[PDB]
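Residue numbering restarts at 1 for every chain, and letters A, B, ... go by the order of the sequence lines. Atom set for the values below is all heavy atoms of this structure, side chains included, hydrogens, waters and symmetry mates excluded.
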Protein chains: 2
Amino acid sequence: XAXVXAXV
Amino acid sequence: XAXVXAXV
DNA sequence: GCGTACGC
DNA sequence: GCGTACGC
Ligand SMILES: *C(=O)c1cnc2ccccc2n1
Ligand SMILES: *C(=O)c1cnc2ccccc2n1
Ligand SMILES: *C(=O)c1cnc2ccccc2n1
Ligand SMILES: *C(=O)c1cnc2ccccc2n1
Ligand SMILES: [Mg+2]
Ligand SMILES: [Mg+2]
């Protein structure tokens with residue numbers, strides 16, 4: 001759920 | 001030489 | 001429920 | 001000359 005590299 | 005994650 | 005970010 | 005960054 002976090003999006004720092006994927007954002008899901 | 002770039003440092004975005006290692007910086008060497 | 002998945003992976004992006006740079007060159008001295 | 002190497003790897004850091006977050007949870008809905
Ligand atoms: C987001 O909060 C989150 C948490 N754990 C995960 C595990 C695997 C893929 C995506 C995820 N996203
Ligand atoms: C993004 O691609 C990514 C990959 N791994 C991580 C680990 C911990 C925090 C954030 C991250 N983001
Ligand atoms: C920095 O400019 C730079 C370029 N290529 C590398 C290859 C391997 C380790 C570190 C590097 N740093
Ligand atoms: C830092 O850990 C890191 C790792 N791989 C990369 C690829 C491309 C640009 C920057 C990067 N930084
Ligand atoms: Mg892509
Ligand atoms: Mg460390």
>> So if I take every side-chain heavy atom of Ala6(A) and compare against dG3(C), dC6(C), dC2(D), which nucleotide ends up nearest?
In response: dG3(C)

> Which nucleotide, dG3(C), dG1(D), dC6(D), lies nearest any side-chain atom of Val4(A)?
Replying inline: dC6(D)

> Considering only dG7(D), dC6(C), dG1(D), which nucleotide approaches the side chain of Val8(B) most closely?
Replying inline: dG1(D)

>> Using atom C1' in both nucleotides, what's the gap between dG3(D) and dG3(C) to the nearest angstrom?
In response: 15 Å

> Rounding to the closest angstrom, what is the interatomic distance between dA5(D) and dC2(C) at atom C1'?
Replying inline: 13 Å

> Across all strands, who's sitting opposite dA5(C) as a Watson-Crick or G-U wobble pair, both distances under 3.5 Å?
Replying inline: none

